[PDB]
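Structure first, then comments.
Please treat every number below as a calculation from the coordinates, not as lab data. Cβ atoms come from the backbone with ideal geometry, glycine included; neighbour counts cover every protein chain shown.
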Amino acid sequence: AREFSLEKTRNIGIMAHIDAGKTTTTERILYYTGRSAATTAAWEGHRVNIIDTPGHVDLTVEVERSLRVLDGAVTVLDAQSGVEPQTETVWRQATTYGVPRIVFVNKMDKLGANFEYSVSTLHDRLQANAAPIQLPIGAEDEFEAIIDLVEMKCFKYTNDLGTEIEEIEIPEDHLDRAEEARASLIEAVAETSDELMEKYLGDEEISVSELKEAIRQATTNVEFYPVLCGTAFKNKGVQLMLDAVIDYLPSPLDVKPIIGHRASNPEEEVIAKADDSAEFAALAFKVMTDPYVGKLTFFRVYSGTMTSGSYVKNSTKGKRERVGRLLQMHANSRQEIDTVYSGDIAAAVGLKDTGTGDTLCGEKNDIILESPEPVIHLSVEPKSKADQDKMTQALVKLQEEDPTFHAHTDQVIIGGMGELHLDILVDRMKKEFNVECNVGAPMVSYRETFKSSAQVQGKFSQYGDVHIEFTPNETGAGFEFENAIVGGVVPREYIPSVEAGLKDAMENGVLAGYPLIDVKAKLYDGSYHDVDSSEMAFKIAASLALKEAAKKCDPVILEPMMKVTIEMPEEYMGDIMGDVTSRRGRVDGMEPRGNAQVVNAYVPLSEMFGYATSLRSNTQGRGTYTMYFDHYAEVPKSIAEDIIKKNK
């Protein structure tokens with residue numbers, strides 16, 4: 001069958017900030033496990049998949065995806081500075097997705113190394129239940145041994161190469177300090193297992209395997225966070241954690257099955273468990289193109305099985321695709337295979353229609369796993385003919401990697417989720433694709449809509465004639481049409497040519513020139529000729545009709561509204577709320593957690609420029625926040641007037 005069984009598999013990722021030594025921890029984890037999107041490796045008779053995590057946490061869709069791709073996680077905090085904001089954001093969404101973790105405190109060998117400290121942070125900052133399963137002997141230059149509390153054994157480190165590690169027994173000076181530590185460890189665990197509670201409050205005997213059995217159950221349930229220690233560059237405690245990943249971190253079966261809807265039914269719950277008996281289900285988390293093997297599509301299989309030389313269903317594209325050969329990228333080597341069993345990760349060579357976020361599924365099946373309008377845009381203008389060719393190419397590729405943006409080539413215009421999003425796409429084109437170009441200022445995408453109703457006609461004399469009713473749709477509902485023609489006063493053939501005529505006229509906008517949205521239209525009447533009426537001549541009617549309505553239905557400009565979630569000490573609230581209110585925002589709801597207050601607001605994206613610099617300035621590096629597009633709202637009179645005058 002397979003090589004490693006499900007129970008023998010570990011899907012992990014490493015969340016940390018380099019200042020905590022992210023490179024050096026992974027670099028070394030690759031070595032020890034090796035005998036890049038996802039690197040297939042192994043430790044102690046266990047398949048270990050190390051999945052890459054986004055270079056920046058502000059990418060919510062990336063970060064969210066990699067999270068459903070990985071079952072487990074390991075964290076790296078600096079022993080000196082303890083937990084930090086960057087990882088704080090990501091620790092919480094991990095919890096929302098139910099990702100079991102074990103904390104690894106690194107750089108114990110450096111000035112200001114404090115273990116007890118970093119442990120506290122998880123408590124005071126994160127409200128997390130965590131206790132060390134190990135204790136350090138020494139700190140800074142002194143870091144020498146490590147006490148494993150579960151086995152109650154000590155390991156001495158004689159070299160920076162991680163070789164010749166002589167096991168010993170705990171020196172008495174640390175025996176008592178260790179005694180308590182394990183006792184405090186069992187308590188923190190005992191909370192959720194009351195069968196354990198008896199053993200402990202009855203002064204019963206706690207064995208090793210028995211205790212280890214206890215911890216894993218609390219950790220896979222995300223109710224506990226074992227804490228470890230070491231130093232990556234110097235090869236200390238590294239082999240210990242890897243062991244720990246095996247004993248504690250989850251397998252594919254030890255977590256909660258992934259969920260998605262159906263191709264037929266957009267809302268239905270579909271559980272995909274890990275089963276070889278069941279039908280194939282899988283998700284593609286990254287794509288890249290190699291100079292030799294061609295297009296490379298990384299993915300993960302949640303259910304069933306798969307083989308090369310066969311067909312599958314891309315249910316996101318509604319298309320059939322044939323699988324070429326299959327590659328696993330090991331530490332130093334690439335390995336070709338046939339079957340990918342449930343719960344594992346490989347890369348598919350040669351695929352046509354499958355991009356990032358696309359859902360590969362069995363044939364007889366339906367289910368889709370994963371599931372976008374730009375609020376911001378830029379203008380980029382290459383220097384000379386030479387490059388302008390390349391850009392137009394690169395653009396073509398990128399939607400495959402990140403279909404969160406779009407291109408309008410009318411000089412180019414790109415738009416997407418946020419000021420950071422774009423700042424990548426450009427900085428990709430500039431470096432990866434080597435394009436000389438000049439980028440303009442970031443700009444929000446406004447819109448237009450109707451606050452009133454009316455019935456209008458427009459008529460084109462070639463001849464076409466139409467009567468349409470115009471009512472504003474509710475915000476967010478989009479555009480809707482109705483064909484009210486009865487006796488065929490408007491011949492059927494020409495009907496769709498109206499609806500087409502309507503939009504193209506709406507796109508350009510009637511007021512400041514922005515797209516017109518949230519408007520309902522009904523075609524109730526018209527007339528024609530047989531040598532004149534066209535599919536062409538009408539469109540101009542729909543055009544003339546929309547323009548008649550524009551003098552009537554009282555158009556206005558919309559701006560995108562963001563939902564900002566802030567976190568800081570309750571001291572400064574005097575400021576922030578003064579800061580929001582000057583941004584044309586308002587405060588809806590609030591709540592504390594731990595010692596900090598969680599503010600929840602609504603702000604115009606056009607007033608959100610230069611924020612972080614205004615947070616870190618008022619709260620002194622203390623503040624934090626996120627942001628989302630939420631809804632569209634109407635611009636105030638005096639502001640709208642400037643948008644009208646500015647665009648001539």
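A protection proxy built from the mean count of other Cβ atoms within 10 Å ranks the segments 374-386, 559-571, most packed first, as 559-571, 374-386. Residue pairs exceeding 23 angstrom between C-alpha atoms, taken from 503/637; 522/648; 319/503; 273/364; 451/551: 503/637; 522/648; 319/503.
Share of antiparallel DSSP beta bridges in the stretch 1-256, in percent to the nearest 5? It would help to have the intermediate numbers written out before the result.
Numbers: 18 of 36 bridges.
The antiparallel fraction comes to roughly 50 percent.
Note on the stretch 101-137 and the stretch 461-489: Cα centroid distance 65 Å, given to the nearest whole angstrom. Across the options 608, 624, 354, the greatest Cα extent toward the positive end of the charge dipole of the chain (unit charges at beta carbon of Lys, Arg, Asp, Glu) belongs to 354.
Only the Cβ atoms of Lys and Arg (+1) and of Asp and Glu (-1) were treated as charged; on that basis the dipole of the stretch 1-256 about its Cα centre amounts to roughly 1420 debye. Rounded to the nearest 5, what % of DSSP beta bridges with both residues in the stretch 559-630 are antiparallel? Within the stretch 559-630, antiparallel bridges account for around 100 percent of the total. When restricted to Cα atoms, the stretch 274-397 yields an Rg and a Dmax of 17.3, 58 Å, respectively. Taking 30 Å as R0, compute the FRET efficiency from the Cβ-Cβ separation of residue 620 and residue 428 and round it to 0.05. In this case the efficiency is close to 0.30. Listed by chain and number, the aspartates and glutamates whose alpha-carbon sits under 19 Å from that of residue 390, ignoring those within fewer than 8 places in the same chain, are 290, 381, 400, 401, 402, 410, 423, 427, 432, 436. The modelled label-to-label distance for the pair residue 166/residue 277, using points 7 Å beyond Cα in the direction of Cβ, is 5.5 nm. Here the calculated FRET efficiency for residue 3 and residue 262, from their Cβ-Cβ distance with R0 = 35 Å, stands at 0.60, rounded to the nearest 0.05. Hey, if you put +1 on the Cβ of every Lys and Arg and -1 on every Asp and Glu Cβ in the chain, which of 106, 638, 337 ends up farthest toward the positive end of that dipole? Looking along the dipole axis, the top candidate is 638. Its Cα gyration tensor gives the stretch 1-152 an equivalent ellipsoid; the semi-axes, largest first and in whole Å, are 25, 20, 15. Ordering 561, 574, 590 by Cα displacement along the dipole of the stretch 559-630 toward the positive end leaves 561 in first place; charges were set at the Cβ atoms of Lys, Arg (+1) and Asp, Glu (-1). With the cut-off at under 17 Å, measuring from each backbone N in the stretch 518-548 to a point 7 Å along the Cα-to-Cβ line of residue 493 picks out 527-539. Beta bridges per DSSP, both residues in the chain: antiparallel share near 80 percent.
Backbone amide hydrogens, once placed in the peptide plane, bring residue 114 within less than 5 Å of 80, excluding anything fewer than 5 places away on its chain. For the stretch 559-630, averaging the sequence separation of C-alpha pairs within contact (under 8 Å, six or more residues apart) and dividing by the residue count gives a relative contact order of 49 percent. Site pair residue 484 and residue 436 shows an inter-label distance of 5.9 nm when each label is modelled 7 Å from Cα along Cα→Cβ. The stretch 372-441 and the stretch 339-360 have their alpha-carbon centroids 27 Å apart. A Cβ-based charge dipole, computed about the Cα centre of the chain with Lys and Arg at +1 and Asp and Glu at -1, lands at about 2860 debye. Using θ = phi - 60° in the Karplus curve 6.51 cos²θ - 1.76 cosθ + 1.60, the 3J(HN,Hα) couplings for the stretch 588-604 round to 10, x, 6, 4, x, 7, x, 8, 10, 8, 9, 8, 10, 9, 9, 9, x Hz; x is entered for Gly and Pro.
The phi torsions of the stretch 271-280, fed into the Karplus equation with coefficients 6.51, -1.76 and 1.60 and a -60° offset, translate into couplings of 7, 10, 8, 8, 9, 6, 5, 6, 7, 4 Hz, rounded to whole numbers, with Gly and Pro shown as x. Over the Cα atoms of the chain, Rg to Rh with Kirkwood Rh, two decimal places? Ratio value, two decimals: 1.04. Note on the stretch 373-448: Cα-only Rg and Dmax are 11.8, 38 Å. Give the Debye-formula value of log10 I(q)/I(0) at each listed q (0.13, 0.21, 0.24 Å⁻¹), with one equal scatterer per alpha carbon of the stretch 559-630, two decimals each. Calculated log10 I(q)/I(0) at the listed q: -0.32, -0.86, -1.14.
Would you work out the charge dipole size for the stretch 508-557 about its Cα centre, treating the Cβ of every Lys and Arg as +1 and the Cβ of every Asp and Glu as -1, and quote it to the nearest 20 debye? The partial results should precede the final answer.
On the way: 6 positive and 7 negative charges, 51 e Å.
Magnitude of the dipole: close to 240 debye.
Residue by residue, the stretch 382-389 carries 3J(HN,Hα) couplings of x, 5, 8, 3, 3, 6, 3, 5 Hz when phi is fed to the Karplus relation 6.51 cos²θ - 1.76 cosθ + 1.60 (θ = phi - 60°); x denotes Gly or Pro.
Counting every other Cβ atom within 10 Å of each residue's Cβ, 420, 228, 326 order from fewest to most as 420, 326, 228. Summing +1 for each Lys or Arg and -1 for each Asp or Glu, what net charge is found among the other residues whose Cβ lies under 15 Å from the Cβ of residue 494? Charge balance near residue 494 sits at -4. Here the scattering of the stretch 99-191 is modelled by Debye summation over its C-alpha atoms, one equal scatterer each and no solvent; at q = 0.16, 0.22 Å⁻¹ the log10 of I(q)/I(0) is -0.74, -1.28.
Under the simplified labelling scheme, the residue 176-residue 159 pair shows an inter-label distance of 3.7 nm, with each label point 7 Å from Cα along Cα→Cβ.
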